[PDB]
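A quick write-up on the structure given underneath.
FYI, it's all coordinate maths here, none of it is from the lab. Note that each Cβ is placed from the backbone with ideal geometry, even for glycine, and that neighbours are counted across all protein chains shown.
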Amino acid sequence: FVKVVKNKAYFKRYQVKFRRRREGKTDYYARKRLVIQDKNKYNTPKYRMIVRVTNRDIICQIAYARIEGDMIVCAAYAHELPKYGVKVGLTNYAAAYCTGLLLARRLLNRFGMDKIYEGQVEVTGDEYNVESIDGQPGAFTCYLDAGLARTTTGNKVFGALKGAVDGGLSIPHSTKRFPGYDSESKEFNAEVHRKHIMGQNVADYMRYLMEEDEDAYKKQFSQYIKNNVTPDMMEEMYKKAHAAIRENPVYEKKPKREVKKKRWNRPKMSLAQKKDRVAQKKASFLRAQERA
Amino acid sequence: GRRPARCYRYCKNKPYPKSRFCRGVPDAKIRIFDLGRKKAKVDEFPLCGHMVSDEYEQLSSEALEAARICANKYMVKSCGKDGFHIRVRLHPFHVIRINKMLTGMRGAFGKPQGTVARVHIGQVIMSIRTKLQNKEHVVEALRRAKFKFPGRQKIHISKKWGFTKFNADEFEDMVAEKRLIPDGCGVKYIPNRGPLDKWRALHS
Amino acid sequence: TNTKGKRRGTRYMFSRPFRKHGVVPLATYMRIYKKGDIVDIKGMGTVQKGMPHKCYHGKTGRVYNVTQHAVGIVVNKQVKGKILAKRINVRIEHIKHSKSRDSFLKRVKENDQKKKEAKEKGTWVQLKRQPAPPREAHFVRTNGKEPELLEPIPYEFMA
Amino acid sequence: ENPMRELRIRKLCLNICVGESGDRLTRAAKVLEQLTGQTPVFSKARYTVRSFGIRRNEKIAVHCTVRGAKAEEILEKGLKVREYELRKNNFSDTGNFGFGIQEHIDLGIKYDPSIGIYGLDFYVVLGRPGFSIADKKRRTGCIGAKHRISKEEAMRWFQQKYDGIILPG
RNA sequence: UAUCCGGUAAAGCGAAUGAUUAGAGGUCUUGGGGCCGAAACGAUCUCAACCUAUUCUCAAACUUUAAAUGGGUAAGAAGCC
RNA sequence: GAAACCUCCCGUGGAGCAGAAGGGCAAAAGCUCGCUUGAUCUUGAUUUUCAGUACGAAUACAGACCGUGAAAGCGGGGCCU
RNA sequence: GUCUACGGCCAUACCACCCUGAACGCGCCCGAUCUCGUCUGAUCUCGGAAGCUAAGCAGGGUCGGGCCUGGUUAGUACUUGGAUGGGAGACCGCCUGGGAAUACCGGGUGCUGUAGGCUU
RNA sequence: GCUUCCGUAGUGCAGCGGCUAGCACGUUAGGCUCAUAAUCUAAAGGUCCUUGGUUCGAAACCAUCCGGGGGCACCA
Ligand SMILES: [Mg+2]
Ligand SMILES: [Mg+2]
Ligand SMILES: [Mg+2]
Ligand SMILES: [Mg+2]
Ligand SMILES: [Mg+2]
Ligand SMILES: [Mg+2]
Ligand SMILES: [Mg+2]
Ligand SMILES: [Mg+2]
Ligand SMILES: [Mg+2]
Ligand SMILES: [Mg+2]
Ligand SMILES: [Mg+2]
């Protein structure tokens, strides 16, 4: 036996936390410093750019909080990349860069800032900040939201951040936690970052497995042999993907029709049904004990 | 020895118990609060004779001890050594204070002197359960125990079954319906809200 | 005498209610406040900077200054012989909206609508409030049966 | 017919508690380093106990958690010492077990007059594919109710894997 | 008339903190006076600290609740569109 | 061994936050790390005992210069009294 | 009908056990070369897809515990104002108005916003 | 009244929370001496005043009660 800690008194004194806290999704201590606007602004949105890394997806959204819940003003998913050229490799650093770039260019041509603030067209790898142009509508500002991801040097959240900055979103940041940062000498090489953006870290390991052994290469990159993805095709493929994002980042929905409207879920049992169930269980127990 | 109970009779001050703040309290005179054949079931002592006060006052622990000894002695001489069960339903916790002289009133706060029990109007002082053939002896025992307390008390043979909260006319009906389980000195109530495994452990 | 501390006797005032401890919810952080808003004050034990004094807990004033993450408010304090309109700077979490003005604003909107209505018609409609009137004399019916005779119960001793 | 309910050794925890400080502690650290191939981590005290000769924050013991095939090989050495036999009371309620040996030289470690005599203590922590939820970052949760490892399951897994001759009592 | 503030009376402690009465069922788990035994968690119970539902009495410096009496606000031209 | 060290599970805070007590706090306001000196300079306004005078303490701000973090922001001494 | 990401209210949402998950998901999972940090790729980070609903998660159930909301308790305890009311007092009764909380007994067991999917 | 001190074999006492309650004066051996005086060491030596409580464990720490004893209580 044990001394039962979880008693009726324990459940009476027990206070639950918030719903997203119990699910394990929201850092409220982080969001209380992120999302609240100063009160001398009185109505303005405070735009945050949320990056969430999934095992098979990358979600990059731009939102602002209201009292009835926040409203997404723009969204971008990493599974929109087969519409642009990236057939496979939807969850790596280059896909995060393309998702952030698509988010930025979609927000710019939905607000009307397509021609003004072109961003970094020719990708270099250095530091970049979007400066406000006088006589023009100002540059969009938003603040990054990494959520519950440990932000070390070389994160896909920061890759999507660099993609949004190269798309033209005026986000305050630093080159300290971009990949390529030297930890013991504290300078930014700005060429290793270009290799990570263009995807040479994956292609060099493809070449390494190709010279090591064919079976482990196939096991690691089975859908890179599928659709004919060679390591020499990789940089030109991401160049064509970036060009496709810059020439057409607008989004189209789909005509959701022809739904049979059936119920895959089990409906809820009612009061008379539960009372009849427990009455039948009592009667069945009495009928079982009136036998011997 | 101590000051007479004319001075410590009425509920004059706030209830002042022994706690972390009030330390150094002398121990109460009454130690055992219930005796007789207390190792007994509810099915054999259906008497439920109560001493009920009629004044909002304070009763001392030494008076509780004296009335317990008097009721115990008369019930042993009347019905037997193990034919009754006496509870004293007043546990004294109010610490009374003493201001003894050799200054005078200069910085006059009391040291703890003893314990006393706040008694409401309509509150049970003592309770005796035994058989139904014992009513006059229980009434005379409580009458002899009234003479150790100040104020005015009453003796009432209640409608309950011994030391339970249930009425005696419906007690045997609830036991026959197995809504009540005889559990030691008291009784256990079964609502229709538990799990069905408890119902299956019963009724078989 | 007592002590002159700022939080003297705030054991229940500047405390959180039962099973409502923990993280302050975020809509409370992101209420908006303008100049002249009627605002009541309720102190919160979690947030401790910008806390008002205990003589303002439950008092209601109007907003004169809106800073970055605090609100200035002109409250009314009765200092023994006179009521003073005095200005205190209270942080957001110790501040709600007072709904004593909202029913007045809805009544003003209803009166403006009922004044624009029936203005070209010529009829005069009573727009003021009126207290509880006499209960407008009527018939109390019964379907043949008689009223139930109540009886004072006989006394029996409970204890 | 269960596809991925295969019970596996999640880790193997080694420790040596030399008791006091210093030279015996770093000597047992050298013992654990020669046993594993990785630098172990020392463990200090919680509070001062006068009867044990220990003080607060004084380094007492040394430990090392081993994962995978190296833990499999070290536990093969340990059961090769302990004759594949355990008891009923050696198994915990959560399905993890352990045992301690009195001489580290039974595991194949060569003797040294300088690096002296040290017993050590193994604790096998068993696992399943799917116990990363209880220690991952964002969406933690209790790993089911019929998914936990039971004592009966630990007994039958040990008898199926290492040919268990577990004796009662 | 609407809108907030309380933690006092009352009540509760089969809800937390502190005190505190007695039965019932369970080798959680040891130990002391003990009895049958060289001993045994082998049968009998005991108390110190154990558990499970019960039961009796409380708290100015306890409280899930929680009044009556009170305390601020608004009942317009210094207001709306 | 009841307390040395390792692991699993339960664990609403029943621990800790320098002290007396109260309140407050669970991916903190606690412990351990990494960097630091907002514990810097200069005008006013306000609260607290109040006569609405001081002193002490505190509250939002304003101008600079900074620290930290990827940023939101936080900090011009101590979680508040 | 339902899921994902971010949520508002913060247990009608939690906790214990059992059953069901088609598709998109979400994850479990496979490894450590690159970025990264550990005694240990267990955690974190990175590169993926051979299996899987076993687990999380979603839905339902328990004469479930808890929680929310009602009746009883009870016009009871208490309480504003009043009397040349009673009583040696303690306290109690009336007029005048308000008015609880246990135990006990019923019902329910999450709604909703934004953006994007699946059941074409 | 207040501040206290001590309750431990027949006796004076001692006792760093973990001892077999050191040990001496008595009672009873026994060794030794030519026999005796002192001994140098052993046995039958403890209602830790009493109750209650924390700790794993109490004479040792805390609270009450019960017995012996020390000192202060000033001007009109
Ligand atoms: Mg953070
Ligand atoms: Mg008095
Ligand atoms: Mg008070
Ligand atoms: Mg009271
Ligand atoms: Mg932190
Ligand atoms: Mg400044
Ligand atoms: Mg601090
Ligand atoms: Mg892994
Ligand atoms: Mg599953
Ligand atoms: Mg399942
Ligand atoms: Mg229920």
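Points worth noting:
- Inspection of segment C:25-42 finds no residue satisfying the criterion of being near RNA strand F (Cβ under 9 Å from one of its atoms) and either more than 21 Å from C:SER100 (Cα to Cα) or more than 11 Å from chain A (Cβ to nearest Cβ) (or both).
- Qualifying residue in segment B:23-31 (condition: within 16 Å of RNA strand F (Cβ to nearest atom) and more than 14 Å from every other protein chain (Cβ to nearest Cβ)): yes
- Lone unmet requirement of (1) facing another protein chain (nearest Cβ under 10 Å); (2) in a loop (DSSP other than H, G, I, E, B); (3) in contact with a helix residue (DSSP H, G or I) (Cβ under 8 Å, 6 or more places away or on another chain) for C:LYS20: (3)
- Filter pass, A:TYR28 being farther than 28 Å from C:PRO17 by Cβ and more than 16 Å from ligand 3 (Cβ to nearest atom): no
- Residue within segment D:118-125 that is in contact with a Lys or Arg (Cβ under 9 Å, 6 or more places away or on another chain) and assigned to a loop (DSSP other than H, G, I, E, B) present: yes
- Picking from residues in segment A:12-27 that are assigned to a loop (DSSP other than H, G, I, E, B) and more than 7 Å from every other protein chain (Cβ to nearest Cβ), the one that is farthest from A:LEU148 (Cα to Cα) is A:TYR14.
- Whichever residue in segment D:137-169 is within 14 Å of chain A (Cβ to nearest Cβ) and among the basic types (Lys, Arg) and, among such residues, is nearest to the chain's Cα centre (by Cα): D:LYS137
- Which listed residue is within 14 Å of chain D (Cβ to nearest Cβ) and either exposed (fewer than 11 other Cβ atoms within 10 Å of the Cβ) or not aromatic (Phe, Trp, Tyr) (or both), from A:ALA9, A:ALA65, A:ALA30: A:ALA30
- Of the residues screened, C:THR60 is not one that is among the polar types (S, T, N, Q) and within 13 Å of chain A (Cβ to nearest Cβ).
- Top-ranked residue in segment A:33-58 [being within 14 Å of chain D (Cβ to nearest Cβ) and away from ligand 1 (no atom under 16 Å from the Cβ); ranked as surrounded by the most Cβ atoms within 10 Å (Cβ to Cβ)]: A:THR54
- Condition met for C:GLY122 (away from every other protein chain (no Cβ under 14 Å) and within 16 Å of RNA strand F (Cβ to nearest atom)): no
- When D:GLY53, D:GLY95 are screened for being touching an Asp or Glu at 6+ places or on another chain (Cβ under 8 Å), of a type outside the set (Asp, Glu) and under 24 Å from D:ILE165 (Cα atoms), only D:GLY95 passes.
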